[PDB]
file start.cif (mmCIF, C-alpha atoms and all ligand atoms)
data_data
#
loop_
_atom_site.label_atom_id
_atom_site.label_comp_id
_atom_site.auth_asym_id
_atom_site.auth_seq_id
_atom_site.Cartn_x
_atom_site.Cartn_y
_atom_site.Cartn_z
CA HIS A 4 -12.39 -31.25 -26.90
CA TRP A 5 -10.96 -27.76 -27.25
CA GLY A 6 -8.12 -26.86 -29.61
CA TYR A 7 -7.09 -24.11 -32.05
CA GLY A 8 -8.42 -25.51 -35.36
CA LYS A 9 -11.54 -24.50 -37.34
CA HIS A 10 -13.75 -26.85 -35.30
CA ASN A 11 -12.58 -26.71 -31.68
CA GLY A 12 -10.88 -23.30 -31.72
CA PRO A 13 -11.25 -20.02 -29.74
CA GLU A 14 -14.58 -19.33 -31.60
CA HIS A 15 -16.16 -22.48 -30.17
CA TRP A 16 -15.01 -22.43 -26.52
CA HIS A 17 -18.04 -20.54 -25.12
CA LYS A 18 -20.06 -23.73 -25.61
CA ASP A 19 -18.24 -25.73 -22.86
CA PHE A 20 -16.97 -22.65 -20.98
CA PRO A 21 -19.59 -19.83 -20.89
CA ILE A 22 -17.13 -17.56 -19.08
CA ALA A 23 -15.43 -17.37 -22.56
CA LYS A 24 -17.65 -14.34 -23.17
CA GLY A 25 -17.38 -13.10 -19.56
CA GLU A 26 -16.59 -9.72 -18.08
CA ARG A 27 -12.81 -10.03 -17.59
CA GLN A 28 -11.53 -12.17 -20.45
CA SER A 29 -7.99 -12.27 -21.79
CA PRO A 30 -6.04 -11.58 -23.87
CA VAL A 31 -6.90 -7.98 -24.90
CA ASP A 32 -5.49 -5.30 -27.20
CA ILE A 33 -3.31 -2.91 -25.22
CA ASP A 34 -4.05 0.52 -26.65
CA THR A 35 -0.98 2.51 -25.45
CA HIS A 36 -2.85 5.82 -25.75
CA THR A 37 -5.73 4.70 -23.46
CA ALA A 38 -3.66 3.11 -20.63
CA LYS A 39 -3.09 5.31 -17.57
CA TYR A 40 0.24 5.47 -15.82
CA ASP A 41 -0.72 4.44 -12.23
CA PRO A 42 1.34 6.03 -9.43
CA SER A 43 -0.30 3.84 -6.66
CA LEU A 44 1.53 0.82 -8.04
CA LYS A 45 4.48 -0.72 -6.18
CA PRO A 46 7.71 -1.82 -7.83
CA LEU A 47 7.39 -5.32 -9.36
CA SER A 48 9.21 -8.19 -7.64
CA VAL A 49 10.20 -11.23 -9.59
CA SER A 50 12.24 -13.43 -7.33
CA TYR A 51 13.13 -16.41 -9.49
CA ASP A 52 16.48 -17.10 -7.89
CA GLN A 53 15.59 -20.36 -6.06
CA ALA A 54 13.30 -21.76 -8.76
CA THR A 55 12.94 -25.56 -8.76
CA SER A 56 11.82 -26.84 -12.16
CA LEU A 57 10.81 -30.50 -12.30
CA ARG A 58 9.78 -31.32 -15.85
CA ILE A 59 8.64 -30.34 -19.36
CA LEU A 60 5.30 -31.65 -20.68
CA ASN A 61 3.55 -31.60 -24.08
CA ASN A 62 -0.12 -31.36 -23.04
CA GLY A 63 -1.22 -31.25 -26.65
CA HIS A 64 -1.93 -27.48 -26.77
CA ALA A 65 1.43 -26.13 -25.63
CA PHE A 66 4.38 -27.34 -23.60
CA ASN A 67 4.56 -26.61 -19.86
CA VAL A 68 7.69 -26.19 -17.78
CA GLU A 69 6.57 -27.23 -14.24
CA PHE A 70 8.06 -25.99 -10.96
CA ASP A 71 8.05 -27.19 -7.32
CA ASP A 72 5.57 -24.80 -5.64
CA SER A 73 5.23 -26.10 -2.06
CA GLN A 74 7.65 -23.54 -0.61
CA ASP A 75 8.17 -19.87 -1.44
CA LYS A 76 10.90 -20.44 -4.10
CA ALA A 77 9.96 -18.64 -7.36
CA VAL A 78 7.49 -15.94 -6.41
CA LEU A 79 5.92 -12.73 -7.83
CA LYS A 80 5.28 -9.80 -5.49
CA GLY A 81 4.55 -6.05 -5.69
CA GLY A 82 3.15 -3.91 -8.51
CA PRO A 83 -0.58 -4.55 -8.56
CA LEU A 84 -0.29 -7.62 -6.27
CA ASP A 85 -1.17 -8.10 -2.59
CA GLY A 86 0.94 -10.77 -0.92
CA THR A 87 2.90 -13.60 -2.57
CA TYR A 88 2.17 -15.61 -5.69
CA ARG A 89 4.18 -18.80 -6.37
CA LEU A 90 5.42 -19.86 -9.83
CA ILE A 91 3.65 -23.05 -10.84
CA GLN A 92 4.53 -23.35 -14.56
CA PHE A 93 5.45 -21.50 -17.78
CA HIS A 94 4.46 -22.05 -21.44
CA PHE A 95 4.25 -20.14 -24.77
CA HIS A 96 1.83 -19.39 -27.65
CA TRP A 97 3.31 -18.88 -31.18
CA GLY A 98 2.29 -18.53 -34.80
CA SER A 99 2.82 -20.21 -38.20
CA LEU A 100 4.74 -17.19 -39.43
CA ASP A 101 6.51 -14.36 -37.56
CA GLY A 102 3.74 -11.81 -38.20
CA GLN A 103 1.43 -13.61 -35.74
CA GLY A 104 1.59 -15.61 -32.54
CA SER A 105 1.13 -13.44 -29.45
CA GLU A 106 -2.10 -13.41 -27.50
CA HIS A 107 -1.88 -9.83 -26.31
CA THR A 108 -1.49 -7.11 -28.89
CA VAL A 109 0.06 -3.64 -28.71
CA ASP A 110 -1.84 -1.12 -30.81
CA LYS A 111 -3.09 -4.09 -32.80
CA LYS A 112 0.55 -5.17 -33.40
CA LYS A 113 0.94 -8.98 -33.12
CA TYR A 114 4.31 -10.40 -31.97
CA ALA A 115 5.81 -13.67 -33.20
CA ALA A 116 5.18 -15.40 -29.85
CA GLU A 117 4.29 -14.83 -26.18
CA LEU A 118 5.43 -16.33 -22.91
CA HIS A 119 3.29 -16.80 -19.82
CA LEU A 120 4.71 -17.42 -16.34
CA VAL A 121 1.87 -18.58 -14.19
CA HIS A 122 1.66 -17.88 -10.41
CA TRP A 123 -0.80 -18.66 -7.57
CA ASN A 124 -1.66 -16.61 -4.44
CA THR A 125 -0.03 -18.45 -1.44
CA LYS A 127 -2.61 -17.83 1.17
CA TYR A 128 -5.16 -20.04 -0.78
CA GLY A 129 -2.85 -23.03 0.05
CA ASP A 130 -2.87 -24.69 -3.35
CA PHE A 131 -3.22 -23.86 -7.05
CA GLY A 132 -6.68 -25.50 -7.13
CA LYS A 133 -8.14 -23.36 -4.38
CA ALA A 134 -6.57 -20.24 -5.92
CA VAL A 135 -8.30 -20.58 -9.26
CA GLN A 136 -11.64 -20.38 -7.42
CA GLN A 137 -10.61 -16.86 -6.28
CA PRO A 138 -10.80 -13.45 -8.04
CA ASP A 139 -7.21 -12.67 -6.96
CA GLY A 140 -6.04 -16.30 -7.10
CA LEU A 141 -3.53 -16.02 -9.96
CA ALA A 142 -0.84 -13.71 -11.32
CA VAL A 143 0.55 -14.12 -14.89
CA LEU A 144 3.67 -12.43 -16.29
CA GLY A 145 3.26 -11.97 -20.09
CA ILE A 146 6.37 -11.47 -22.22
CA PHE A 147 6.28 -10.86 -26.01
CA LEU A 148 8.68 -12.55 -28.39
CA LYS A 149 9.86 -11.25 -31.69
CA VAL A 150 12.22 -12.73 -34.30
CA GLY A 151 15.83 -11.48 -34.51
CA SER A 152 18.77 -12.62 -32.40
CA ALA A 153 18.53 -15.84 -30.45
CA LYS A 154 17.66 -15.88 -26.74
CA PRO A 155 20.36 -18.02 -25.13
CA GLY A 156 18.30 -18.50 -21.95
CA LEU A 157 15.74 -20.26 -24.16
CA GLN A 158 17.91 -22.85 -26.01
CA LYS A 159 17.73 -25.42 -23.13
CA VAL A 160 13.96 -25.50 -23.80
CA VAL A 161 14.45 -25.41 -27.61
CA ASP A 162 16.76 -28.47 -27.27
CA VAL A 163 14.51 -30.76 -25.24
CA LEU A 164 11.56 -30.32 -27.65
CA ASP A 165 12.48 -33.33 -29.80
CA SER A 166 11.90 -35.36 -26.59
CA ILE A 167 8.35 -34.07 -26.24
CA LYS A 168 7.19 -33.93 -29.89
CA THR A 169 3.70 -35.31 -29.34
CA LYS A 170 0.88 -34.91 -26.79
CA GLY A 171 1.42 -36.74 -23.49
CA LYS A 172 5.19 -36.85 -23.59
CA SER A 173 7.38 -35.28 -20.94
CA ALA A 174 11.07 -35.07 -20.21
CA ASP A 175 12.91 -34.35 -16.97
CA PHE A 176 13.64 -30.65 -16.98
CA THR A 177 15.22 -29.92 -13.62
CA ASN A 178 17.55 -27.05 -12.85
CA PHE A 179 16.11 -24.64 -15.47
CA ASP A 180 16.49 -20.90 -14.71
CA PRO A 181 13.47 -18.83 -15.85
CA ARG A 182 15.41 -15.56 -15.19
CA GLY A 183 16.97 -16.31 -18.62
CA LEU A 184 13.67 -15.59 -20.40
CA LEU A 185 13.12 -12.02 -19.18
CA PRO A 186 13.87 -8.80 -21.05
CA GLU A 187 15.95 -6.10 -19.37
CA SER A 188 13.01 -3.79 -18.54
CA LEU A 189 10.18 -4.64 -16.17
CA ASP A 190 7.87 -1.83 -17.43
CA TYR A 191 4.49 -3.45 -17.78
CA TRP A 192 0.84 -2.91 -18.45
CA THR A 193 -1.59 -4.51 -15.93
CA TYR A 194 -5.29 -5.31 -15.96
CA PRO A 195 -7.72 -7.80 -14.24
CA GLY A 196 -8.39 -10.81 -16.52
CA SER A 197 -8.50 -14.55 -17.14
CA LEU A 198 -6.80 -17.81 -18.11
CA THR A 199 -6.43 -17.77 -21.97
CA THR A 200 -7.18 -21.46 -22.44
CA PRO A 201 -10.16 -23.39 -21.11
CA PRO A 202 -11.52 -23.23 -18.43
CA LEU A 203 -10.93 -19.44 -18.82
CA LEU A 204 -11.32 -18.66 -15.07
CA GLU A 205 -11.37 -15.00 -14.25
CA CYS A 206 -8.72 -15.31 -11.55
CA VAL A 207 -5.75 -13.49 -13.13
CA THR A 208 -4.00 -10.22 -12.48
CA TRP A 209 -2.19 -9.83 -15.76
CA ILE A 210 1.21 -8.22 -15.76
CA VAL A 211 2.30 -7.71 -19.41
CA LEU A 212 5.81 -6.46 -20.09
CA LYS A 213 6.31 -3.64 -22.58
CA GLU A 214 9.72 -4.91 -23.82
CA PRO A 215 9.78 -7.97 -26.11
CA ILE A 216 12.44 -10.63 -25.99
CA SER A 217 13.97 -11.49 -29.36
CA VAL A 218 14.45 -15.15 -30.33
CA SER A 219 15.94 -16.56 -33.64
CA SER A 220 14.19 -17.74 -36.79
CA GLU A 221 15.76 -21.13 -36.00
CA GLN A 222 14.49 -21.01 -32.35
CA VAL A 223 10.84 -20.37 -33.32
CA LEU A 224 11.17 -22.89 -36.18
CA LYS A 225 11.63 -25.64 -33.63
CA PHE A 226 8.53 -24.50 -31.71
CA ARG A 227 6.69 -25.04 -35.08
CA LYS A 228 8.10 -28.60 -35.39
CA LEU A 229 6.16 -29.65 -32.26
CA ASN A 230 2.98 -31.69 -32.52
CA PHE A 231 -0.56 -31.17 -31.24
CA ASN A 232 -1.26 -34.91 -31.83
CA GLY A 233 -0.19 -37.92 -29.78
CA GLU A 234 2.45 -40.41 -30.84
CA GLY A 235 1.32 -42.52 -33.80
CA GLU A 236 -1.37 -40.12 -34.99
CA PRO A 237 -1.11 -38.14 -38.21
CA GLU A 238 0.96 -34.97 -37.96
CA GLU A 239 -0.65 -31.78 -36.73
CA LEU A 240 1.99 -29.07 -36.40
CA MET A 241 1.75 -27.13 -33.07
CA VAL A 242 1.39 -23.64 -34.49
CA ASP A 243 -1.00 -20.77 -33.94
CA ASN A 244 -2.01 -21.90 -30.45
CA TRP A 245 -3.02 -18.37 -29.48
CA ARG A 246 -6.36 -16.88 -28.48
CA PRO A 247 -7.14 -13.54 -30.19
CA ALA A 248 -7.73 -10.27 -28.34
CA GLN A 249 -11.02 -10.17 -26.42
CA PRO A 250 -13.28 -7.16 -25.65
CA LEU A 251 -11.87 -4.97 -22.83
CA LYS A 252 -15.38 -4.20 -21.47
CA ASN A 253 -14.32 -0.92 -19.84
CA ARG A 254 -11.68 -2.38 -17.46
CA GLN A 255 -8.76 0.04 -17.37
CA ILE A 256 -5.31 -1.09 -18.38
CA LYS A 257 -2.67 0.59 -16.23
CA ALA A 258 0.95 1.36 -17.13
CA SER A 259 3.69 1.09 -14.53
CA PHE A 260 5.57 3.74 -16.50
HG HG B 1 -11.55 -16.79 -10.20
ZN ZN B 2 -0.74 -18.88 -21.78
#
call {"tool": "encode", "arguments": {"input": "start.cif", "output": "structure tokens"}}
result
Amino acid sequence: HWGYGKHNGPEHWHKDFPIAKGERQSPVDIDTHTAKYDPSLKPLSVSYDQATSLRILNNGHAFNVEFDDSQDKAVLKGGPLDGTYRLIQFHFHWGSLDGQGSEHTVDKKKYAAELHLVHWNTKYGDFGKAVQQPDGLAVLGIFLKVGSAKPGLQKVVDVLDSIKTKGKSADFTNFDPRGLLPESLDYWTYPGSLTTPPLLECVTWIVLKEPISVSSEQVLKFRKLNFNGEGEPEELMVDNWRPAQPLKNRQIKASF
């Protein structure tokens, strides 16, 4: 099954998931000079005040922070979006060194990491129905770079010893995702996909222009995680990012 190594990596995924070479695949390079400021775009609404996290899981490709999504509690609205999208989970992709790690790129510049906050369109009733829909999902993408530590991230950095290997989860209630955002909500937006199999083309991507900075020591602990399951030989969880995919004449819009 799919991974990020030589043999099961991003190059291979088209074999089980043909949409891997589809028409609206993610991530992409964001060429700042080609993106159009779009005046028909509403303000963005991230209402993460009443977020109910439940747990952190190592699924063997990343770790997921999972939220209670059966009421309108942590929701994205506005910008390119029609209606309400509920936060289901968040996770990151990161590199082996600071010069790589992000999935999206800005003028071919790769960031040390990248955060995804994943949301589903309410009206479809559940996350499973939503993924079968062209407007089923909304993902907030936030770049990370190395500098000063992000204090809103340390809670996550500190539970990661508990979830070293695939399968493991800890309780992770009462986490506030508002502590992961940068100060500006300027974003680029385009129609796109999930970045891991099954690569469903169900995502409106909202990618923030302003990176968050984390510490060398923060990202070092991401790199101490394992892809493998307990009692298997050690495969460091690093470089779990898909590279930039062909834009195929979709237009990336800037909110700014
Ligand atoms: Hg879809
Ligand atoms: Zn992701």
call {"tool": "residues_around", "arguments": {"input": "start.cif", "residues": "region 11-21 of chain A", "least_positions_apart": "4", "cutoff": "7 Å", "atoms": "only C-alpha atoms", "output": "MDAnalysis selection string"}}
result
chainID A and resid 4:7 201:202 246
call {"tool": "write_last_selection", "arguments": {"input": "start.cif", "atoms": "C-alpha atoms", "output": "short mmCIF file (atom, residue, chain, number, x, y, z; two decimals), in the coordinates of the input"}}
result
data_model
loop_
_atom_site.label_atom_id
_atom_site.label_comp_id
_atom_site.auth_asym_id
_atom_site.auth_seq_id
_atom_site.Cartn_x
_atom_site.Cartn_y
_atom_site.Cartn_z
CA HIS A 4 -12.39 -31.25 -26.90
CA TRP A 5 -10.96 -27.76 -27.25
CA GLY A 6 -8.12 -26.86 -29.61
CA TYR A 7 -7.09 -24.11 -32.05
CA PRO A 201 -10.16 -23.39 -21.11
CA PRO A 202 -11.52 -23.23 -18.43
CA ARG A 246 -6.36 -16.88 -28.48
#
call {"tool": "closest_residue", "arguments": {"input": "start.cif", "among": "A:97, A:131, A:51, A:245", "to": "residue 227 (chain A)", "atoms": "only C-alpha atoms"}}
result
A:97
call {"tool": "residues_near_ligand", "arguments": {"input": "start.cif", "ligand": "ligand HG 1 (chain B)", "cutoff": "8 Å", "atoms": "all atoms listed in the file", "output": "list in words"}}
result
residues 134, 135, 136, 137, 138, 139, 140, 197, 204, 205, 206 and 207 of chain A
call {"tool": "residues_near_ligand", "arguments": {"input": "start.cif", "ligand": "ligand ZN 2 (chain B)", "cutoff": "6 Å", "atoms": "all atoms listed in the file", "output": "PyMOL selection string"}}
result
chain A and resi 95+119+199
call {"tool": "residues_around", "arguments": {"input": "start.cif", "residues": "residue 43 (chain A)", "least_positions_apart": "3", "cutoff": "12 Å", "atoms": "all atoms listed in the file", "output": "ChimeraX atom specification"}}
result
/A:39-40,46,81-84,257-260
call {"tool": "closest_residue", "arguments": {"input": "start.cif", "among": "A:109, A:54, A:33, A:116", "to": "residue 244 (chain A)", "atoms": "all atoms listed in the file"}}
result
A:116
call {"tool": "closest_residue", "arguments": {"input": "start.cif", "among": "A:103, A:124, A:92, A:219", "to": "residue 151 (chain A)", "atoms": "only C-alpha atoms"}}
result
A:219
call {"tool": "closest_residue", "arguments": {"input": "start.cif", "among": "A:29, A:166, A:178, A:108", "to": "residue 70 (chain A)", "atoms": "only C-alpha atoms"}}
result
A:178
call {"tool": "closest_residue", "arguments": {"input": "start.cif", "among": "A:231, A:209, A:226, A:191", "to": "residue 28 (chain A)", "atoms": "all atoms listed in the file"}}
result
A:209
call {"tool": "residues_around", "arguments": {"input": "start.cif", "residues": "residue 161 (chain A)", "least_positions_apart": "4", "cutoff": "7 Å", "atoms": "all atoms listed in the file", "output": "list in words"}}
result
residues 157, 222 and 225 of chain A
call {"tool": "atom_distance", "arguments": {"input": "start.cif", "atom1": "CA of residue 118 (chain A)", "atom2": "CA of residue 186 (chain A)"}}
result
11.5 Å
call {"tool": "closest_residue", "arguments": {"input": "start.cif", "among": "A:45, A:122, A:58, A:89", "to": "residue 76 (chain A)", "atoms": "all atoms listed in the file"}}
result
A:89
call {"tool": "residues_near_point", "arguments": {"input": "start.cif", "point": "(17.1, -12.5, -34.8)", "cutoff": "8 Å", "atoms": "only C-alpha atoms", "output": "JSON, numbers by chain"}}
result
{"A": [149, 150, 151, 152, 153, 217, 218, 219, 220]}
call {"tool": "atom_distance", "arguments": {"input": "start.cif", "atom1": "CA of residue 174 (chain A)", "atom2": "CA of residue 106 (chain A)"}}
result
26.4 Å
call {"tool": "residues_around", "arguments": {"input": "start.cif", "residues": "residue 229 (chain A)", "least_positions_apart": "3", "cutoff": "6 Å", "atoms": "only C-alpha atoms", "output": "list in words"}}
result
residues 168, 226, 240 and 241 of chain A
call {"tool": "atom_distance", "arguments": {"input": "start.cif", "atom1": "CA of residue 170 (chain A)", "atom2": "CA of residue 236 (chain A)"}}
result
10.0 Å
call {"tool": "residues_near_point", "arguments": {"input": "start.cif", "point": "(9.6, -25.8, -19.8)", "cutoff": "6 Å", "atoms": "all atoms listed in the file", "output": "list in words"}}
result
residues 59, 67, 68 and 160 of chain A
call {"tool": "residues_around", "arguments": {"input": "start.cif", "residues": "residue 177 (chain A)", "least_positions_apart": "5", "cutoff": "7 Å", "atoms": "only C-alpha atoms", "output": "list in words"}}
result
residues 55, 56, 57 and 58 of chain A
call {"tool": "axis_aligned_box", "arguments": {"input": "start.cif", "around": "region 46-59 of chain A", "padding_each_side": "8 Å", "output": "lines of an AutoDock Vina configuration file"}}
result
center_x = 11.9
center_y = -16.6
center_z = -12.7
size_x = 25.1
size_y = 45.5
size_z = 29.3
